[PDB]
Amino acid sequence: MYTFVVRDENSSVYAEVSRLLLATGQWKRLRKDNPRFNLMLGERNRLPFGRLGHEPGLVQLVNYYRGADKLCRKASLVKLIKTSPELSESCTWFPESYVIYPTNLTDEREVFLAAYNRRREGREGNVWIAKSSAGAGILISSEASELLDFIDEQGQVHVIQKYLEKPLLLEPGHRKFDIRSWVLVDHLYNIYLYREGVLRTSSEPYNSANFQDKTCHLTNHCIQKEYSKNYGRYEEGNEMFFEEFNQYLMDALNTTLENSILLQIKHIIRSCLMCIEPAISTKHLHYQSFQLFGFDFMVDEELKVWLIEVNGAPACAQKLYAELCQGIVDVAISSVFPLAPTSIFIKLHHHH
Amino acid sequence: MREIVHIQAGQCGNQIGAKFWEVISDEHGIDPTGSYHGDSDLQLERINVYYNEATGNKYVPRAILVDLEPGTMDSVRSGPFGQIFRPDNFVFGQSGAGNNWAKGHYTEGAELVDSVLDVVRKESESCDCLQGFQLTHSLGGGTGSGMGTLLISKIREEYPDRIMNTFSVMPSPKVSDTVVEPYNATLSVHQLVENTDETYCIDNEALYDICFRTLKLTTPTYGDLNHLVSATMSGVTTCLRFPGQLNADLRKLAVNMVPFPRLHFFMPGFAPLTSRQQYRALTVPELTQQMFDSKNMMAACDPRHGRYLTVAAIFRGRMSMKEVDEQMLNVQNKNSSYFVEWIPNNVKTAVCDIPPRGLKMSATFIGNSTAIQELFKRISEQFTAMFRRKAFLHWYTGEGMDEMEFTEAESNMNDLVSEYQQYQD
Amino acid sequence: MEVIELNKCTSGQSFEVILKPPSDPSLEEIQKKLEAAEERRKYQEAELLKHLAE
Amino acid sequence: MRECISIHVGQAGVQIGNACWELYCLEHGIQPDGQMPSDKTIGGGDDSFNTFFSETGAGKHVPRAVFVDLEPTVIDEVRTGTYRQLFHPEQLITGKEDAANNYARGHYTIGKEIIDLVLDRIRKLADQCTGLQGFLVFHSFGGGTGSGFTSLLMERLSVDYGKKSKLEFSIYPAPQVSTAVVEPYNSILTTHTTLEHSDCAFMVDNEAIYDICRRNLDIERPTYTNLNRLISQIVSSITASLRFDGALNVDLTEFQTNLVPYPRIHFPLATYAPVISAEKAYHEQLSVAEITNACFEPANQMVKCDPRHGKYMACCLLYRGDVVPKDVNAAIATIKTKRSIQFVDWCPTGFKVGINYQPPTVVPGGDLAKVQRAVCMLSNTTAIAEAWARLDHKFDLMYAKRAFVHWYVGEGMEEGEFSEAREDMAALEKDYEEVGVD
Ligand SMILES: Nc1nc2c(ncn2[C@@H]2O[C@H](COP(=O)(O)OP(=O)(O)OP(=O)(O)O)[C@@H](O)[C@H]2O)c(=O)[nH]1
Ligand SMILES: Nc1ncnc2c1ncn2[C@@H]1O[C@H](COP(=O)(O)OP(=O)(O)CP(=O)(O)O)[C@@H](O)[C@H]1O
Ligand SMILES: Nc1nc2c(ncn2[C@@H]2O[C@H](COP(=O)(O)OP(=O)(O)O)[C@@H](O)[C@H]2O)c(=O)[nH]1
Ligand SMILES: Cc1ncsc1C(=O)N1CCNC(=O)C1
Ligand SMILES: [Ca+2]
Ligand SMILES: [Ca+2]
Ligand SMILES: [Ca+2]
Ligand SMILES: [Mg+2]
Ligand SMILES: [Mg+2]
Ligand SMILES: [Mg+2]
């Protein structure tokens with residue numbers, strides 16, 4: 001009879017796991033302050049890792065990798081890619097990005113302006129996007145003056161990265177989109193990719209001449225269901241799954257999702273996770289960790305995959321909550337606490 | 001040299017105290033004449049905690065026998081180990097107490113208490129360093145209850161910085177001498193709330209049900225009940241009478257068990273408890289499962305109706321101390337809801353290599369549960385059922401008491417119950 | 001990876017390696033504390049004896 | 001040469017002091033009777049070992065130690081043990097009844113009545129000193145004497161020896177060996193009143209020593225002897241520089257200089273390798289790089305935490321045995337490219353290394369296997385603050401209900417000293433965060 005506790009009531013993913021663990025009749029939930037737990041569905045912010053693994057006779061497991069915020073923060077991811085030899089500054093699957101501190105506070109203001117002027121002079125596409133972790137607040141502009149002035153009006157750190165002016169557009173619709181992949185890392189640091197991704201498509205035709213109306217440029221599910229007038233027109237809730245997106249790629253581009261996109265995605269997932277594996281691995285630690293991640297990719301018209309961001313506390317697609325949550329319990333929880341297929345995951349092998 | 005002074009008052013107190021000294025006298029190799037005849041030095045390492053050493057290498061229990069009638073103590077002096085007790089430590093009168101608290105506390109007792117304290121003071125003055133006193137007594141009679149709590153009130157006055165522990169037998173209508181036992185118990189419980197650091201609550205009902213249901217005794221006697229108490233009393237004092245990584249006296253044990261000065265009433269427990277299948281080996285998981293089972297509790301309180309403030313287990317015998325740790329952690333982990341989370345690691349465990357007579361291994365349980373309030377509720381209800389009609393009060397008013405003293409003792413105990421209740425939430 | 005201040009002797013040696021450069025209460029006040037606590041112990045014990053006398 | 005006085009307060013401190021002086025004697029070749037053949041200067045001398053030992057005209061080498069316990073059963077073992085001839089009676093002080101795991105009892109009630117006797121016996125050792133450096137105070141956190149009396153002794157030592165340095169070896173409480181529920185109270189009470197009086201403190205978590213004993217030594221249920229022989233190894237590695245010819249950590253002031261740039265944050269983490277069971281058939285002797293790499297595995301630290309997520313302020317490497325600087329640098333470079341070693345921006349990213357060619361001495365019959373080389377790393381990570389958080393958390397759970405507080409007040413302590421000491425820890429936990437997090 002394993003015991004667990006819940007410290008994140010707002011997590012829909014683990015709300016279903018806590019629901020599934022109980023349904024096994026072998027897991028007993030405790031109060032959120034009882035320290036005699038086998039598993040902790042911990043809180044997002046300021047999770048007390050220091051208080052784990054000090055309970056005699058209890059093997060303790062938490063659903064967050066201490067230090068994984070280095071990869072799940074806008075300003076942290078950029079700093080991690082540029083400064084990590086495994087990723088180097090010449091990383092080819094990540095857009096050119098710069099960390100910009102508002103003037104009311106190192107900072108890459110002059111470094112970003114250097115490359116910007118180079119593009120302005122060389123007649124090249126010079127359209128950037130400014131965003132931050134404090135957003136629901138994004139500004140897509142082609143003038144450097146507007147980008148830097150938009151950040152000074154704020155008080156938090158922001159990042160300016162090259163906006164993909166040539167995004168792959170689904171037809172019919174001539175619309176943008178982004179791909180979401182769920183990756184579960186278990187206590188042994190096996191990288192499991194969920195076979196089921198989701199494309200959060202824009203119902204508005206992409207318009208490269210009007211970055212003011214950000215409804216055809218931002219594929220967020222909340223922006224398309226609030227400021228887009230074609231929501232739910234082409235696909236239910238602006239969400240295309242792999243089966244349809246694959247068939248389309250076959251009919252339109254005469255290729256498969258696995259060959260033209262999935263290989264690049266799996267290569268990006270491995271590169272990022274293996275990079276920080278020494279900094280967050282819980283192999284020789286007094287407690288074990290696992291964590292579910294949500295990778296957001298972009299695909300340009302050349303069928304090249306780009307990494308947008310990594311989500312540390314990602315939510316799932318309404319259809320896949322069942323299959324995925326049962327997968328979290330199978331390989332993450334029951335792998336350490338066994339109960340008395342054809343995996344739904346793609347194990348990305350690697351050297352530990 | 002950390003001596004304890006033992007005091008046994010009344011019929012219950014002296015009959016149980018006798019069996020207790022009989023049980024540990026055997027464990028320490030002391031024979032009915034006080035001559036050591038053991039085979040281990042562990043038997044004499046802490047022998048001075050309860051025994052004084054006289055000429056000829058004789059060991060005399062540091063015990064003081066008290067009663068207002070000579071009957072019960074005459075038996076003790078004629079019992080198996082009667083000769084082992086210091087003659088000058090038999091202090092008794094002739095009037096008796098008539099199962100009357102007021103006679104033991106105010107009248108008959110008052111006339112005899114000074115003489116008892118003269119023996120107490122005589123036993124203390126010879127202590128290299130007195131840990132404190134322990135009293136065995138019932139709360140339902142007159143001497144053990146009325147005069148016992150009077151002795152406690154005077155021992156605290158003369159030794160205000162010494163630990164006072166008691167083994168208190170609580171009255172149950174199922175094992176009753178007289179109908180005024182709830183009166184005498186309610187009056188004594190208030191004394192114990194004030195003037196004792198630890199009180200081992202021994203409910204005569206629990207001792208009966210165990211003899212009847214578990215031990216399969218068709219008709220239990222006071223002797224059968226006292227056998228359990230003799231074994232449990234020897235179990236808790238094991239760590240005190242034998243060596244080990246414990247290093248614990250009465251004050252250090254009280255500190256780890258009493259989070260609040262008035263909530264010091266403990267539920268005892270013993271394991272094994274077997275009927276005559278009595279030769280079977282008892283495994284460490286079995287000892288632990290039973291020791292936490294309410295059926296092995298001697299306070300007639302369901303622990304699942306409350307929460308443990310603290311717990312202490314004392315295992316005896318040659319066993320896997322690793323397997324002990326694993327099992328103790330198993331009980332807490334598999335039931336952590338029943339242990340207050342605002343006192344971390346409130347379950348402590350001690351081991352002793354010397355097991356009781358004729359027992360490969362055993363476990364003694366000491367629980368500070370808020371479920372003990374159920375015990376004080378029984379007494380409180382039985383009290384009120386009679387006091388509302390002022391029934392049988394004439395026995396007490398005739399000795400100088402006033403109904404107000406009753407109404408206050410009634411309140412004090414109902415307060416005590418409310419105090420347990422607030423910490424159960 | 002610079003070694004500095006290397007010292008050697010018969011029973012061992014010691015050095016320093018730099019991988020990168022950078023970027024009370026008086027005796028009086030104690031006696032008072034120890035006596036203030038002994039006074040609260042006497043006051044407490046007096047309230048007990050006063051209680052036991054009543 | 002300058003002398004160091006060792007003070008062992010409480011059961012933990014005394015039993016650990018006993019294990020250390022046993023080891024000091026094996027290393028320095030001193031017999032249980034105090035005779036040291038290799039010492040050619042009889043009844044005198046200013047050798048490096050004379051910082052811990054004095055001499056008598058009869059060639060006896062007497063530890064500069066003082067054992068203090070409020071109850072005599074533990075110190076009586078010293079009086080009749082194998083090394084009973086090392087100490088003379090004046091050195092062993094014992095009371096009548098202990099503090100019952102009650103800080104206020106050890107600091108106030110019983111502490112007041114014996115402190116002057118202690119300072120007197122300490123003044124007798126100080127008078128045998130031509131240039132006293134300071135004191136090494138071995139004590140537990142959870143014990144009533146260890147915590148309560150030590151903080152009073154520390155307050156008075158800072159008075160009668162205002163210029164001397166004071167280092168602590170402090171036993172952190174671990175439930176797997178503790179029998180006291182109020183140890184969180186005592187630990188925090190003694191950190192509060194001792195913080196400003198201690199210049200460097202080495203915390204040993206009994207939890208850490210317990211697993212290192214079960215994992216590496218294959219002891220199913222380790223006793224205090226197992227835990228102590230291992231702790232006296234780490235203590236020896238730390239005090240070796242004061243007892244042997246060298247140039248790193250040669251006097252007590254050097255520990256503060258090399259390890260504590262900020263005064264309040266004077267709790268360096270200790271990591272020791274290798275720990276090899278003596279019952280092993282025969283172990284493959286580890287290399288300089290192998291044992292040096294293990295200095296960054298949490299399973300060899302004296303306080304379980306994760307330095308990867310803190311920032312270092314200093315770092316020492318104390319090697320013993322067959323080790324040469326070349327091999328040290330090779331392993332260091334290799335570890336910088338494989339380990340997360342973040343320093344504070346206001347401190348250099350470096351390693352002070354010390355090497356003693358004499359390998360670790362192992363108590364005959366003990367549990368540790370003789371190895372050819374060993375190391376002990378003294379790093380000052382913000383990650384050790386995890387131990388304060390754990391402790392502080394437990395304090396808050398009980399004190400919210402005022403649980404057990406009545407025992408302390410009854411001994412003369414005021415309920416406010418609780419919150420006063422708990423606020424200090426709140427400040428201590430903040431500094432660690434100011435220096436460690438971004
Ligand atoms: N590592 C180690 N810890 C010990 C040892 N002895 C006791 N402890 C720990 O010390 C704590 C209890 O403090 P003690 O030193 O025993 O108590 P004390 O200092 O003698 O103070 P008193 O309350 O007066 O007995 C517990 O956490 C024990 O686990 C020991 O020999 N080695
Ligand atoms: N460099 C870039 N080029 C093209 N599009 C970009 C881009 N950066 C962001 N976007 C657009 O923004 C959307 C996602 O923004 P982003 O993920 O940075 O904000 P966010 O983190 O608040 C949303 P979520 O965390 O849910 O994925 C995507 O749909 C993408 O089309
Ligand atoms: N367990 C046990 N209980 C007893 C014994 N004798 C009396 N009692 C209980 O104690 C109460 C009577 O008190 P008693 O000791 O006879 O009165 P006293 O002699 O004036 O102290 C009743 O509740 C009895 O059930 C005994 O030998 N063993
Ligand atoms: C509390 C107590 N009172 C009388 S005996 C006793 C006891 O045996 N123990 C076992 C050891 N550790 C404890 O904390 C208590
Ligand atoms: Ca008369
Ligand atoms: Ca000499
Ligand atoms: Ca000072
Ligand atoms: Mg986001
Ligand atoms: Mg009777
Ligand atoms: Mg002690």
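Below, chains carry the letters A, B, ... as their sequence lines are ordered, and counting in each starts from 1. Only heavy atoms go into these numbers, but all of them, side chains included; no hydrogens, no water, no symmetry mates.
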With [X] via side chain to side chain donor-acceptor pair (under 3.5 Å) - residues at least two apart:
{"X": "A/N210", "result": "none"}
{"X": "D/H309", "result": "D/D306"}
{"X": "A/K82", "result": "A/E108"}

According to salt bridge (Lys or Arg N to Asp or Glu O under 4.0 Å), who are the partners of [X], at least two apart in sequence or on a separate chain?
{"X": "A/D152", "result": "A/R109"}
{"X": "A/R44", "result": "A/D8"}
{"X": "A/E43", "result": "A/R7"}
{"X": "A/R51", "result": "none"}

[X]: which residues meet the ring pair (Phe, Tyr, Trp, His ring centres under 6.0 Å) condition with it, sequence neighbours left out?
{"X": "A/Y287", "value": "none"}
{"X": "A/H221", "value": "A/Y231"}
{"X": "A/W306", "value": "none"}
{"X": "A/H352", "value": "A/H350"}

Working for side chain to side chain donor-acceptor pair (under 3.5 Å), residues A/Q326 and A/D330: CA-CA 6 Å; A/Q326 180 58 30; A/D330 293 9; 2.5 Å; yes
Aromatic ring pairing A/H158/A/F150, orientation class (parallel under 30°, perpendicular over 60°, tilted between):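 Because their plane-to-plane angle is over 60°, the rings of A/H158 and A/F150 count as perpendicular.
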Parallel, tilted or perpendicular: rings of A/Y98 and A/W128 (30°, 60°):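 Rings of A/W128 and A/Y98: tilted, 30 to 60°.
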Any side-chain heavy atom of [X] sitting closer than 4.5 Å to one from [Y]?
{"X": "A/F37", "Y": "A/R29", "answer": "no"}
{"X": "A/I268", "Y": "A/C272", "answer": "yes"}
{"X": "A/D69", "Y": "A/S76", "answer": "no"}
{"X": "A/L257", "Y": "A/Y248", "answer": "no"}
{"X": "A/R195", "Y": "A/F242", "answer": "no"}
{"X": "A/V13", "Y": "A/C325", "answer": "yes"}
{"X": "A/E204", "Y": "A/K214", "answer": "no"}
{"X": "A/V17", "Y": "A/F4", "answer": "no"}

Audit row: A/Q60, A/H286, side-chain contact (heavy atoms from CB on, under 4.5 Å) steps and yes/no: CA-CA 8 Å; A/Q60 295 190 304; A/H286 37 274; over 6 Å; no
With rounding to the nearest 0.5 Å, note down the distance linking [atom1] in [X] to [atom2] in [Y].
{"X": "A/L168", "Y": "A/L249", "atom1": "CG", "atom2": "CG", "value": "7.0 Å"}
{"X": "A/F290", "Y": "A/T282", "atom1": "CZ", "atom2": "OG1", "value": "11.0 Å"}
{"X": "A/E235", "Y": "A/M240", "atom1": "CD", "atom2": "CE", "value": "4.0 Å"}
{"X": "A/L292", "Y": "A/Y64", "atom1": "CG", "atom2": "OH", "value": "8.5 Å"}
{"X": "A/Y189", "Y": "A/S289", "atom1": "OH", "atom2": "OG", "value": "11.0 Å"}
{"X": "D/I265", "Y": "D/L428", "atom1": "CD1", "atom2": "CG", "value": "5.0 Å"}

Under-4.0 Å salt bridge between A/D300 and A/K166: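 Judged by the 4.0 Å cut-off on N to carboxylate O distance, A/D300 and A/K166 do not form a salt bridge.
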Stepwise side-chain contact (heavy atoms from CB on, under 4.5 Å) test for A/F49 and D/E386: CA-CA 9 Å; A/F49 288 105; D/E386 305 179 22; over 6 Å; no
Worked verdict on D/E433 versus A/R46 for salt bridge (charged side-chain N to carboxylate O under 4.0 Å, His left out): CA-CA 12 Å; D/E433 197 185 16; A/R46 303 197 60 85; 3.3 Å; yes
Candidate pair D/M425 and D/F395, rule side-chain contact (heavy atoms from CB on, under 4.5 Å), full reasoning: CA-CA 11 Å; D/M425 300 300 304; D/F395 184 107; over 6 Å; no
Polar side-chain atom of A/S202 near backbone of A/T219 as donor-acceptor pair, under 3.5 Å: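 Pair absent, no side-chain N/O of A/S202 close to backbone of A/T219.
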A/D107 (side chain) donor-acceptor with A/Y101 (main chain) under 3.5 angstrom: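 At least one qualifying donor-acceptor pair exists.
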Derivation and outcome, side chain to side chain donor-acceptor pair (under 3.5 Å), residues A/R73 and A/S133: CA-CA 7 Å; A/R73 247 63 177 181; A/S133 301; 5.0 Å; no
Pairs where residues 251-265 of chain A contributes a residue and the test side-chain hydrogen bond (donor to acceptor under 3.5 Å, both in side chains) is met, not counting sequence neighbours: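 Found A/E258-A/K266.
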Intermediate values then yes/no, side-chain contact (heavy atoms from CB on, under 4.5 Å), A/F297 and A/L307: CA-CA 5 Å; A/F297 303 100; A/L307 180 65; 3.7 Å; yes
Nearest atoms (heavy-atom pairs only) where A/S18 meets A/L41: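 Scanning both residues completely, I find the closest heavy atoms to be CB-CD1, 4.1 Å.
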Flag for A/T201-A/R175: side-chain donor and acceptor within less than 3.5 Å: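 Yes, A/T201 and A/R175 have a side-chain donor paired with an acceptor closer than 3.5 Å.
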